[PDB]
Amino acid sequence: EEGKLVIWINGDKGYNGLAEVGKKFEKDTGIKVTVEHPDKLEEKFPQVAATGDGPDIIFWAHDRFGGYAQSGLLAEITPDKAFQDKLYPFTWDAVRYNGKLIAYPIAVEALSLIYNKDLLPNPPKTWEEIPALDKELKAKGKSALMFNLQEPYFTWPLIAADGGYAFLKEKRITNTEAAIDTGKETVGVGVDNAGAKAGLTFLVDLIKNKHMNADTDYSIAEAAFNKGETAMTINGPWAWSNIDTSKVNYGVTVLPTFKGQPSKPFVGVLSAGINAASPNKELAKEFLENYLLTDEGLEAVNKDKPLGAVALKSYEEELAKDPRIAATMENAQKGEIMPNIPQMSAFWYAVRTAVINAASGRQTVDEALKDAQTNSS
């Protein structure tokens, strides 16, 4: 409530570094800043903010913030020209919804292919090499690739490579013969097409040929890679800190091509929104503008867990030499900035089920995506 700041940010992010910025805030103002990382934060915040509660500040990829804003859960952001000029204009665009700044862009997240340089001094260029490459590491007691198959974020780069798309926009009904001609529908879902089917088909066959397991989650994949058990993983910059502390010599590189096409990751801008129910919106601004989005604040979070390419131009210029940030930004450039509209939540839920269903065998790829296509719209 008043005289304190409560902040929510995901557990895989640099929440201890952000607590340090929060302590720097307390030291200067006397205002306590608590940072918490609840599970299913993106689900819990709309539940608890809608009743007027949850945190003063919420951290998530920008794709979820259009829903929060459309439901009135987010305050409008009030940066001056001079403060806006300090961040990249495309980072501001991701947190613009119905023309209003509804969050603070923090950093740019894109998946990259992370590989173990002692098992794999030269990473593979294409997805179609991994099968022959997994069977070669199986003769050394290892495997080629593991990544989280339970979240569609991780499989979308392959799905999108040869044709899958999601250029979601809410658009009005175009049917002369409906009674109601004033409502909107979601256009731009592209998951029941040839390109998406081919992408997810390749993934199912890896599982069917025992190159991956359909139950592999974030934790299983992370442990296997950082224990030297699989030669490659797919993850974002936040995952780098745990590999640094592991004994794995790792590289971060471009995702592999599929049928000659670049993998297209969904790009996220980590965003800091101010709860529309909060009584400390001016303290939230203070903390965000003058403590977090400074070199020293972003530096505290980034060396806890890497943020990726930071939205603050002054600090990104220092990180830009990092070849891992080059890989991040190069993948991000082959992919697409996520839409932020409210139906985004339904799109992710649809695609998650299809991926889990196709991978486990409950549906064919063909059925899974046909269902995904209908649910997303």
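In case it trips you up, residue 1 is the first one in the sequence shown, and so on.
Novice: Please compare 164-172 with 135-143 and name the stretch with the higher mean C-alpha B-factor in the deposited structure.
Specialist: Stretch with the higher mean C-alpha B-factor: 135-143.
Novice: Averaging C-alpha B-factors over each stretch, which comes out higher, 74-82 or 149-157?
Specialist: The stretch with the larger average C-alpha B-factor is 74-82.
Novice: Which one of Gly66, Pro38, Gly30, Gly335 shows the top CA temperature factor in the record?
Specialist: Largest recorded C-alpha B-factor: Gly30.
Novice: Just grab whichever of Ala61, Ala350, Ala327, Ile341 has the top CA B-factor as deposited.
Specialist: That would be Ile341.
Novice: Sorting by Cα B-factor within the chain, modelled residues only, which third would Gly17 end up in: lowest, middle or highest?
Specialist: Answer is middle: the recorded C-alpha B-factor places it there.
Novice: Comparing against every modelled residue in the chain, figure out the third that the C-alpha B-factor of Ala359 lands in (lowest, middle or highest).
Specialist: Ranked within chain, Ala359 CA B lands in the middle tercile.
Novice: Splitting the chain's C-alpha B-factors into thirds, which one does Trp238 fall into?
Specialist: CA B-factor rank for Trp238: lowest third.
Novice: Is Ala49 in the lowest, middle or highest third of its chain when residues are ranked by C-alpha B-factor?
Specialist: Tercile = middle for this residue's CA B-factor.
Novice: C-alpha B factor of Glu299, ranked within the chain: lowest, middle or highest third?
Specialist: Its C-alpha B-factor belongs to the middle third of this chain's values.
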